[PDB]
Structures are given as C-alpha cells and as structure tokens.
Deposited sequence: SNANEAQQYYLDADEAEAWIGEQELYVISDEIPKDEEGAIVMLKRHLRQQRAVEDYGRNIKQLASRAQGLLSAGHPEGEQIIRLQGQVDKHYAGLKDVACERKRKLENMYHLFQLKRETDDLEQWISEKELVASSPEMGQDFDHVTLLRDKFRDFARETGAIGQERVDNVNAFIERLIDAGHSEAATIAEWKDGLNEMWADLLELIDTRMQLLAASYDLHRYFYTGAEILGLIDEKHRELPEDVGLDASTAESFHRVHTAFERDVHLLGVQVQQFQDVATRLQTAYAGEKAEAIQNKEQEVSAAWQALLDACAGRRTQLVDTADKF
C-alpha cells in the first residue's frame, strides 16, 4: 500500500534518470564559439533540471527509510531499490558535470583562439607601419614624420600592452583553473608574447631611424640658415659676429659627429657643407 506506491514512484524516477542520461543530455561537439555558447546554455538548463530532481530522490529515500524502520516485510527489497535509485542518480550527475566541463573547455578554447588571432593580426598590422622606409623629402617633412611616429609608438604601446595583459590573464585563469589543453594554450601565450616583444623593438628601431634622418635634415637646414646669416653680415656688430662664430664652432662639431655615421657620397656632402660654412665665415673675418 505505502509499499506499492514506493515501487511505482521508484520506477518513475529510474525512468526519468534513464531518459535524461541517454536522450535529453547530448554528445554533440560544438563547431565554433557560437555553437558552444548555444550548447552550454542548453546544457546548463538541463543540468538545473537534473539538480532539482534531487528533491524527488531525497523524498524517495526518506520514504524508503520510513518503510524499513517501520518493520515492513519488504524493507530489504525497498532499501536495495533505493540503493539503485541513488546510484543511478549520482551517475546522471557525473555525466552532466563531465559534459559541462567539456563544453566549458571547448568554449574557452574558442574564445581564447579568437582573441589571440585578432591580437596577433593587429600586431602584424602595426609592424607594417613600423616597417615604412620613408625618410622624408625635407626637414619640415621629417619633423612631421618623426612626430607622427612618436604619437603612433605611444598609442600602439599603451593599447597593445593592455590587450596583451588581458589575453595573458585570460590564459592564466584557464591554466590555473585546470584545462585539458594547457600545454597548447601556454604555447600560444609564448608566441603572442614574443610577437609583442618583437613589435616593441621594431617600433623602437624605427624611432632611432627617424631620429637619425631628423639630424641629417636638421644639419643641412642649419648650414643653409648659417650661410644666409653670414651673407647678411658680409653684405652689411662685433657682438653679432662673435655670437655667429660660436654657432659656427657648434655647427663644425655637429659635422664631425655626423661624418662618423655616414660614408661615401653622403659623408662627402656633410664634409662639403662644413667646408663651405667655414669658408664663408673666414671671408667675413
């Protein structure tokens, strides 16, 4: 009577667990990040349903215990049946966790691979900018090219570093949380961090490149200015000429420093402008 009912109810739960384990819960493997999102959402509702059924299972256990403790002749049979409902229910709980572990992994790995591919593609684009051979047609131009690049270097740096940090943190959350693909993920992290370090250097050398171009143009710009000032004095006081002579001494020093960096035709142009400047200066003296 209470007994007959206990059996009907036990068969019911067993049938319910059977159905969840083999037909409601799924083996599908998500194709992309989007498919994983979908599957994980569906699986968490399903897992919530399994969790709730826990109420029934406990009510059955409490009823069975009541029947055994009441000295019912089938107490042995009833307890054994409950032993089975409990086991099968715990089994269903294991299948659901495992699947959830798997979908979380598949989803994270997808998310991370998108984030990484994008950040790496980004870095590639920024390298291209750093690889510009452009040196500047004239002083006004290099001044601008150098200035624009300093701007580019700082933003590229600021924004890049934040992006790299986030991906590095995301990767550590995954590894530290324990993730079947940690080896691969770490590999990705290494590749990402190297690309970043290379880019920073590439940006840096481009800066040094433009600064050199800047000096070369600054020098030829200064020489012509000086030749004009010397000319204005000739065509024309002692204090003005002295101040000019200090600038000449200064320009000569610059010319020496630069010759050190150039050779062949350019080194000749540098030396030649120095000689021209001293020659005009002597003429004035």
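Not built in the structure, per the record, are deposited positions 1-3, 240-260, 310-326.
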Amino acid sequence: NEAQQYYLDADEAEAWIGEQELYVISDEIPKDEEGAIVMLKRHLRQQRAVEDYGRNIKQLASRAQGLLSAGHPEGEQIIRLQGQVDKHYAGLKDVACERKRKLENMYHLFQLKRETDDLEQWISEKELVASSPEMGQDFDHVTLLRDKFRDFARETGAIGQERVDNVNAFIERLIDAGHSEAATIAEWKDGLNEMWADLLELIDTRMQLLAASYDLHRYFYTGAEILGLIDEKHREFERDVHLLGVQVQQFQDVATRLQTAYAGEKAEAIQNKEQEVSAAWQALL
From here on, numbers count along this sequence of modelled residues.
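A summary of the deposited B-factors shows that, of 166-174 and 140-148, the stretch with the larger mean C-alpha value is 140-148. On average the C-alpha atoms of 52-60 have higher B-factors than those of the other stretch, with 52-60 and 212-220 being the two compared. When the modelled residues of the chain are ordered by C-alpha B-factor, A186 sits in the middle third. Remark: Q111 belongs to the middle third of its chain, ranked by C-alpha B-factor as recorded.
In the deposited entry, the Cα temperature factor of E134 sits in the top third of values across the chain's modelled residues.
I159 sits in the lowest third of its chain by CA B factor, as recorded in the PDB entry. In this PDB entry, the Cα temperature factor of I78 sits in the top third of its chain's modelled residues, the highest group.
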